[PDB]
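Examination of the molecular architecture
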Amino acid sequence: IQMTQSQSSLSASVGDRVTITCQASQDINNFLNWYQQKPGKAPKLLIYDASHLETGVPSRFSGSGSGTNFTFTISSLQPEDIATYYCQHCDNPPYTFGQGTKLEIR
Amino acid sequence: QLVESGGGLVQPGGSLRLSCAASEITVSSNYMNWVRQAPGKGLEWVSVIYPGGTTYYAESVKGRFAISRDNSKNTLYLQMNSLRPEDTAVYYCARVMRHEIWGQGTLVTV
Amino acid sequence: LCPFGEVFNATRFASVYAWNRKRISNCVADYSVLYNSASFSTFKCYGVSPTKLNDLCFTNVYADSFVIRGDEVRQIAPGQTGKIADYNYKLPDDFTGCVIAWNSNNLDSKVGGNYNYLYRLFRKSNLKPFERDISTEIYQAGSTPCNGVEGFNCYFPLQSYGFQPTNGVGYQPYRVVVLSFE
Ligand SMILES: *[C@@H]1O[C@H](CO)[C@@H](O)[C@H](O)[C@H]1NC(C)=O
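Reference entry: report on the structure contained in this document. (Residues numbered from 1 in each chain as written, not as in the entry; some residues may be left out. Chains lettered and ligands numbered in written order. Heavy atoms only, no water. Residues with missing side-chain atoms left out of burial classes, pairs and counts.)

**Structural notes on the overall build of chain A**
Looking only at helices and strands, chain A features zero helices and nine strands. Tracing chain A from N to C terminus, the helices and strands come up as β-β-β-β-β-β-β-β-β. Computed over the C-alpha atoms, the radius of gyration of chain A is 13 Å, within 12% of the 13 Å expected from 2.2 N^0.38 for a compact globule of 106 residues. Projected onto its principal axes, the C-alpha positions of chain A cover 35 × 30 × 25 Å. (Helix = DSSP H or I, 4+ residues; strand = E, 2+ residues; numbered from the N terminus. Rg over C-alpha atoms; globule rule 2.2 N^0.38 Å.)

**Notes on the sheet that holds strand β1 (residues 9-12) of chain A**
Residue and element names in this part refer to chain A. If you trace the six strands from one edge of the open sheet to the other, you get β1-β9-β8-β3-β4-β5, paired in mixed fashion. Edge strands, defined here as strands with exactly one partner in the open sheet, are β1 and β5 (52-53). Examined bridge by bridge, strand β8 (residues 84-88) and strand β9 (residues 101-105) share two bridges and lie antiparallel to one another. For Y85, the partnering residue across the bridge sits in β9 and is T101. (Pairing = 2+ DSSP bridges.)

**Side note on the environment of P39 of chain A**
All names here are of chain A. Tracing the backbone shows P39 in the loop between β3 (33-37) and β4 (44-48). Exposure remark for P39: the relative accessible area of 54% places this residue in the exposed category. A C-alpha to C-alpha distance of 16 Å links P39 and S8, two positions 31 residues apart in sequence. (Buried < 20%, exposed > 50% of the residue type's maximum accessible area, 1.4 Å probe, protein only.)

**Thoughts on the pattern of salt bridges**
All names here are of chain C. Considering all chains together, one arrives at eight salt bridges over all chains under this definition. Taking the shortest distance from any N to any O, the salt bridge between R69 and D71 comes out at 3.4 Å. Between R175 and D108 there is a salt bridge, and its shortest N-O distance comes to 3.9 Å. Of this pair, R175 sits in strand β9 (residues 174-181) while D108 sits in the loop between β4 (97-103) and β5 (118-119), and the two are 67 residues apart along the sequence. (Salt bridge = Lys/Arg side-chain N within 4 Å of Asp/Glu carboxyl O.)

**Considering the pairing of strand β8 (residues 75-80) of chain B**
Residues and elements named next belong to chain B. For β8, the tally of buried residues reaches five of six residues, placing the bulk of the element in the interior. Both strand β7 (residues 65-70) and β8 contribute to a ladder of six bridges, which runs antiparallel. Looking at β8, one finds that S68 is bridged to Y77.

**Description of the site of the ligand**
All names here are of chain C. Contacts to the ligand come from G5, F8 and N9. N9 places a side-chain nitrogen or oxygen 2.3 Å from an oxygen atom of the ligand. When isolated, the ligand has an accessible area of 360 Å², and the protein chains bury 27% of it. (Near = heavy atom within 4 Å. Polar contact = N/O pair within 3.5 Å; in protein donor to acceptor, adjacent residues only side chain to side chain. Areas by Shrake-Rupley, 256 points an atom, 1.4 Å probe, with all protein chains shown as cover.)

**Describing unusual backbone geometry**
In this structure, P94 of chain A follows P93 of chain A across a cis peptide bond, with omega equal to 0 degrees. When you line up the elements, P94 of chain A lands in the loop between β8 and β9. Located in the positive-phi region is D49 of chain A, a residue other than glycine, with phi close to 60 degrees. Note on placement: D49 of chain A falls in the loop between β4 and β5. A relative accessible area of 22% places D49 of chain A in the partly exposed class. In this structure, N26 of chain C is a non-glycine residue whose phi angle is positive, near 60 degrees. Residue position: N26 of chain C is located in the loop between β1 (21-24) and β2 (40-46).

**Considerations on the interface of chain B and chain C**
As a measure of interface size, the accessible area lost when the parts come together is often cited. Chain B puts 15 residues into the contact, and the matching count from chain C is 18 residues. Of all residues in chain B, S29, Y31 and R98 of chain B give up the largest surface area on contact with chain C, accounting jointly for 30% of the area buried on that side. Counting across the chain B and chain C interface gives zero salt bridges. Across the contact surface, chain B and chain C share seven residue pairs in polar contact. (Contact = heavy atoms within 4.5 Å. Buried area = accessible area lost by both parts, 1.4 Å probe.)

**Observations regarding the side chain of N88 of chain C**
Residue and element names in this part refer to chain C. Along the chain, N88 falls in the loop between β3 (61-68) and β4. A polar contact is formed between the side chain of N88 and the backbone nitrogen of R120, at a distance of 2.8 Å. The residues touching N88, leaving out its near neighbours within four places in the chain, are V16, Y17, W19, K83, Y119, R120, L127 and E131.

**Structural notes on the state of the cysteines**
All chains considered together, the criterion is met by four disulfides over all chains. Disulfide partner of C22 of chain A: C87 of chain A, at an S-S distance of 1.9 Å. Residues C22 of chain A and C87 of chain A are joined by a disulfide whose S-S torsion is about 70 degrees; by sign, that bridge is right-handed. With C22 of chain A in strand β2 (residues 18-23) and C87 of chain A in strand β8, the pair connects residues that are 65 residues apart, well separated along the chain. On the basis of relative accessibility, which here comes to 0%, the residue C87 of chain A falls in the buried class. Disulfide pairing is shown between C20 of chain B and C93 of chain B; the S-S distance is 2.0 Å. Because the torsion about its S-S bond is -65 degrees, the bridge between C20 of chain B and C93 of chain B counts as left-handed. Here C93 of chain B lies in strand β9 (residues 89-95) and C20 of chain B lies in strand β3 (residues 16-22), a separation of 73 residues in the sequence. Take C20 of chain B: its relative accessible area is 2%, and that puts it in the buried class. On the basis of relative accessible area, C93 of chain B is assigned to the buried category, the value being 7%. You can see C45 of chain C has no disulfide; the closest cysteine sulfur is in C98 of chain C, sitting 4.0 Å from it. (Disulfide = S-S within 2.5 Å.)

Quick look at the structure:
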């Protein structure tokens, strides 16, 4: 199992819709978590099991996909949302992280 | 909440006992995760300890570190033995499988 | 004649956290008919070679049944650890028996999600061999009393497999019958 993120940097404007794709080798049925990390802080969990939303994060963040490909969608971008995002396999040990995608505002 | 301590420099080949102190959370009743990060690079997995005492380590670092728990002080301890130069990285202590809460973080350098 | 035909074709199968067991005695075993069937995909035998089963006759035998995922079929074996072999069903290190496992992507493959089979996630200590616990009291995660109220640091100690019709081979349901010989 080798999780991969083909892209490494996506830029957009405030209020735009941004999508991120995470691919997985072999097959993980519905086991994947989306982690967010701000510069210089401790990462915080955003979405668990690729479809259910955590409590506290605004509803504008969403996740979808299944089988091989999964996607993370932001509807309205915000000026204070520059960070790095990771996708982690969390079914059974070992848990392999991804490469990470850094978001840039313009 | 959680807290890490024992960060610093150690000569190649040494050992250390990193401490993760937990408050409001019983360490003897939850899955615990130890995750390391290189400076500026992506996250990598290191270790996990189950509530029942079973423990799993990473494939590339198997047989050099040991995780344990103490109920008297409610703490998690990690003892690294036989380190190397690339072993330097920022480690963390987190809770998994319900309501992840990730602690501030310590730095270990050679 | 033995009642084997009943356990291998019964219309209902219990989940893994409340697995049932049966005792069989005073019958003529016929491991042969099950020694050539191609339906079974994992016919492992531990302690006793499978060929010499017919010749020797024992006193008391036990049969247990579960419904488990594709990955955890390997965990039903002595000296193994994991989320299932340690908190739901564990085998003694001196096991002498058989572990038949076959595929059930037709009878138990519910459409739109079953959410009827559940396995035990949270506990406090490991399990002694052949230990069953049907109790489902609320588990606590901190010093704060929980007084039977679900919420923060108060989790239901069960999880529901998600069996569906289009799942991959690794996650499709499997049915396991473990035979133990006294
Ligand atoms: C279960 O039913 C099928 C269908 O008739 C039959 O082929 C099979 O032999 C039965 N199993 C046993 C153990 O009798």
